[PDB]
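Enquirer: So I've got this experimental structure, pasted below with the sequence.
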Amino acid sequence: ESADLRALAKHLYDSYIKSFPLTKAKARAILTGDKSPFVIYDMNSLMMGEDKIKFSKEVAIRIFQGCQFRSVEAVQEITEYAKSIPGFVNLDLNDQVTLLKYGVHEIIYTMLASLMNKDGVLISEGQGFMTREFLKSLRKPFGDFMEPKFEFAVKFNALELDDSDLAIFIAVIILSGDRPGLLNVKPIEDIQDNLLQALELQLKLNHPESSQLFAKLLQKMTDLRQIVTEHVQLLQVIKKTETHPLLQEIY
Amino acid sequence: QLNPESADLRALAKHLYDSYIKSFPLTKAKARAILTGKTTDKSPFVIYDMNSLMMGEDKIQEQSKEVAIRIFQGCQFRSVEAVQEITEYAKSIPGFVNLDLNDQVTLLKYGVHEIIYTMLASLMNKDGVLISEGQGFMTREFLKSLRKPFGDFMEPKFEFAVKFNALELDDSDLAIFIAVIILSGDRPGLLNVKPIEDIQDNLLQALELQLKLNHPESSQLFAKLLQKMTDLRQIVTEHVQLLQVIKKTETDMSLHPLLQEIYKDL
């Protein structure tokens, strides 16, 4: 038993590395110490960032839209990772679609915590770092955008999880048999149970000193959903401003 | 091999179950007994409509107004007593009274409703809910048909209850779970979070051990229980966002102050 669990864990860790360009081991190195990224902290710090950073309206509207693009991009990565989760591509296609539809938002904020610290967040592959203070200073309602997520990251990162821990954790979120619309819950839940097992063992072997880390992590799914519904409400409010057709479509 | 560490956990579990029974009149076992027929002397008077409601009053505000509202006032008062019960239970939690007093308040302020709906599930089944200490049973349809802004206060509850009840938790599981809920460090305002987490940690140790010993054949029941914690939060939020409406549609309807303080700033 412990066998198959280790296997499943290494499997997910590796798939996680293949599907996600910027791991947490890297985001953390960057945030601390080596090719220092371009700190964006000022309006004029931003303009210089537009050029020094690379592979319409005001400015706050351009940053939020910038997050949109990254989101859609990330969604594909998450989708490719998901297919790696043993048993996933065997489920009914409608359910795979459903699980992804309701699971990506929770996964984006989970991984976003990987690129955040109490003072800011890494943007564009980690080339930059827009400070928390600056983001907060964006004219309403855009200065309530990242503040909530920052409070989440502080708490989530306090668990000190690593890529091998998150790899499994992300899978659990995807295999959530509670998504509205599912046609066949049995298989999904069965997989989640098995994933919950792998994550439990992964935590007691990796963080033997962390008492009940497993329990504290599960408790965070609450925070995630708070974040997600709150973010969805922001989108409603916003959906009232400067009102390409193909772009709006892509989102 | 019973270990001395797991010996304390077991002890912690017996302790909490005891205060749970001592603090709450209507346990799940009794509620269960009443609902499933281990009755002849325990059967409730069922309310599934207006005349039935009229007739139920006898054995089961300070005057009268409207149904939907008389029922609402009903629940309001009932929860004032539950808060009192939970507060009584809280104090029994090893370490809860030692905490800062401000945090004591914080914990209860947010914890009271997650626990009420957790326990309210014990008195429900897909078809309705027990009331008046179990002497009565109000059907899901009667409630869901109440006047516009009210015929929607309960539906989400049943929704969660049939799902939650599916885990098949019994009173000795719930006492520990309820303690976990109260001792949650991630509550707004908490001055001292560390002490609150060392306690909750222990409780979770108790619960994980309790569930494995009590439901050996139920795979990952622990984790499945914890996930439910998010359903409660939404139940609460969804709820709060319903009082506000009552607070606008029904201006002549008062609210017990206590409840007005718990809901305040949430």
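Expert: Cool, the structure landed. Numbers count the residues shown, from 1 in each chain, chains lettered A, B, ... in the order given.
Enquirer: which residues sit in contact with residue A:106?
Expert: Residue A:106 sits next to A:173, A:221, A:224-225, A:227-228 when contact means Cβ atoms under 8 Å, 6 or more residues apart in numbering or on different chains. For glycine as for every other residue, the C-beta is placed from the backbone atoms N, C-alpha and C.
Enquirer: do residue A:59 as well
Expert: A:43, A:46, A:138.
Enquirer: give the contact list for the residue nearest to residue A:85 when sequence neighbours are not counted.
Expert: Nearest non-adjacent residue to residue A:85, counting by Cβ to Cβ, 6 or more residues apart in numbering or on different chains: residue A:171, 4.9 Å away. By Cβ under 8 Å, 6+ apart, residue A:171 lies in contact with A:12, A:82, A:85, A:195.
Enquirer: How about residue A:138?
Expert: A:59-60, A:63, A:145.
Enquirer: number of nearby residues for residue A:250?
Expert: Other residues near residue A:250 come to 8 when the count uses other Cβ atoms under 10 Å in any protein chain shown.
Enquirer: closest to chain B among the contacts of residue A:171?
Expert: Closest approach to chain B among the contacts of residue A:171 (Cβ to the nearest Cβ): residue A:195, at 9.6 Å.
Enquirer: In what element of secondary structure is the closest one found?
Expert: helix A:185-206 (DSSP states H and E).
Enquirer: Could you name the helices and strands sitting against that helix?
Expert: helix A:2-19, helix A:163-174, helix A:213-238 (3 or more Cβ pairs under 8 Å, 6 or more residues apart in numbering or on different chains; DSSP states H and E).
Enquirer: how about a cut-off of 10 Å?
Expert: Under the contact criterion of 3 or more Cβ pairs under 10 Å, 6 or more residues apart in numbering or on different chains; DSSP states H and E, helix A:185-206 touches helix A:2-19, helix A:93-112, helix A:163-174, helix A:213-238, helix B:221-249.
Enquirer: buried sites along that helix?
Expert: For helix A:185-206, the neighbour count (16 or more other Cβ atoms under 10 Å in any protein chain shown) marks A:187-189, A:191-203 as buried.
Enquirer: Next: stretch A:6-25.
Expert: A:8-9, A:11-13, A:15-16, A:19-20, A:23-24.
Enquirer: returning to what we had before: among the contacts of residue A:171, which two are most distant?
Expert: A:82 and A:195 (11.8 Å; Cβ to Cβ).
Enquirer: which neighbours do those two share?
Expert: A:170-171, A:174-175 (Cβ atoms under 10 Å, 6 or more residues apart in numbering or on different chains).
Enquirer: So which residues on the stretch 51-200 of chain A come close to chain B?
Expert: A:155, A:172, A:176-178, A:189-190, A:192-197, A:199-200 (Cβ under 10 Å from any Cβ of the partner chain).
Enquirer: And the furthest pair within those residues?
Expert: Maximum distance among those (Cβ to Cβ): 30.5 Å, for A:155 and A:190.
Enquirer: Would you mind measuring from the spatially closest residue to residue A:134 that is not a sequence neighbour to residue A:27?
Expert: Once flanking residues are discounted, residue A:134 sits nearest to residue A:41: 5.1 Å by Cβ to Cβ, 6+ apart. Remark: distance between residue A:41 and residue A:27 (Cβ to Cβ, to the nearest Å) = 19 Å.
Enquirer: between the two, which one's more packed in?
Expert: Higher neighbour count among residue A:41 and residue A:27: residue A:27, with 21 against 18, using other Cβ under 10 Å.
Enquirer: my guess is the more buried one meets residue A:117, correct?
Expert: Yes. With contact defined as Cβ atoms under 10 Å, residue A:27 reaches residue A:117; the gap is 9.3 Å.
Enquirer: what's the spacing between stretch A:206-214 and its chain's center?
Expert: 22 Å (Cα atoms, centre = their mean, to the nearest Å).
Enquirer: ok, now stretch A:31-45?
Expert: Distance, centroid of stretch A:31-45 to centroid of chain: 21 Å (Cα atoms, centre = their mean).
Enquirer: gap between the two ends of that stretch?
Expert: End-to-end span of stretch A:31-45 (Cα to Cα, to the nearest Å): 18 Å.
Enquirer: ok, residues contacting that stretch?
Expert: Outside stretch A:31-45, the residues that touch it by Cβ under 10 Å, 6+ apart are A:30, A:46-53, A:59, A:63, A:114-117, A:119-135, A:137.
Enquirer: ok, now with 6 Å
Expert: A:46, A:49, A:52, A:117, A:127-131, A:134 (Cβ atoms under 6 Å, 6 or more residues apart in numbering or on different chains).
Enquirer: Which member of those residues is positioned nearest chain B?
Expert: Using Cβ to the nearest Cβ, these come closest to chain B at residue A:117, 19.3 Å.
Enquirer: Pull the number of nearby residues for that closest one.
Expert: 18.
Enquirer: do the one 10 residues further on as well
Expert: The local packing count at residue A:127 equals 16, with neighbours defined by other Cβ under 10 Å.
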